[PDB]
């Protein structure tokens, strides 16, 4: 039985659910531990909705500390997905929103109490949200075997998620248990020859340079929607908070390694030197006499956007020795508004990494089209909400401003966000 979160689906246009955030004893990777969970599980339940559904999610805070919930990737109003809300211990809050028309893909939910994200997310508070689309009914997709792979690492101390050290605040915290759906090196015994894998990097800081032995991956969706047609890749880098959806065509019986290949993201300090080995994430067993489906020739059209009216430059910097991080020379201040834009305009954001470490840049509320990174034209058209920048790279993003209100942009190495790498955008 392949480990995968339980699914809660909308019905009759509504997903109404109470989720408790609570310390939960679990058995994990052959040991006993108490994690912080939504819905009593790690990961939390997958919420599956359709465009136009209403979601009404009551978060009950049964932690000893305040918390809140963020709907990562969902283009909903910041008046609902409010990064400044704090739910005190013992209290509840109801999030209510409508799923946008034409939205599709894998999204996720996690805590977002500013300055206090990294320990909550590391402790196990996360889960996926899938938006089903009409495109999922085409033969080439409908007949695939679908799985969600939540890629999230963990370290334990004293049977609880390990506390943050000073080095953790600088690099972001990685764990030694590199888990898939909360399991250590599970085996997926495929029953069908085409797999549709939804991939979520819900780690604090760990990157996953994914490859499947002997199989290309056919990328069909990025963070925030479908590509226009499948893109064959040999490997796929998922930075923290990124998602993707891929098709895998099992052409031959066998036992295949899905691995996270070595990737140097510019971490510094005390660490083993000498090269890193690939980390096996899962074993994939192909069925007898597999006959895969043909690929879809087309997926969904990417919209032509208006010409942009303004260009913004956001510069990321570091003070690695203080573990403080900055956008345009300042640390986040919840009282300050850094950027002001108009609703129903398009902007170009040039995000420039002037540090030594990779930084995966994220913008709430307003999905963007990546035009280029590092001067290189992006290989597909799809909505994204996280983009990785290596040292010295500039990413050029086309940002349609939709929903009014104040929201945030930040690095999704969540320790960096907590240590200052976040700013505030107001759309009016």
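Positions refer to the first chain, counted from 1.
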query	finding
Greater mean Cα temperature factor according to the PDB record, 205-213 or 347-355	347-355
141-149 versus 196-204 - greater average Cα B-factor per the deposited record	141-149
Options 36, 363, 33, 370 - largest CA temperature factor per the record	33
Candidate residues 397, 387, 26, 382, the one whose C-alpha B factor the record puts highest	26
Assigned third (lowest, middle, highest) for the C-alpha B factor of residue 18	highest
Residue 404 by Cα B-factor - lowest, middle or highest third of the modelled chain	highest
Residue 69 - Cα temperature factor, lowest/middle/highest third of chain	middle
Modelled-residue ranking by C-alpha temperature factor, third containing residue 83	highest
Position of residue 157 among the chain's modelled residues by C-alpha B-factor, lowest, middle or highest third	middle
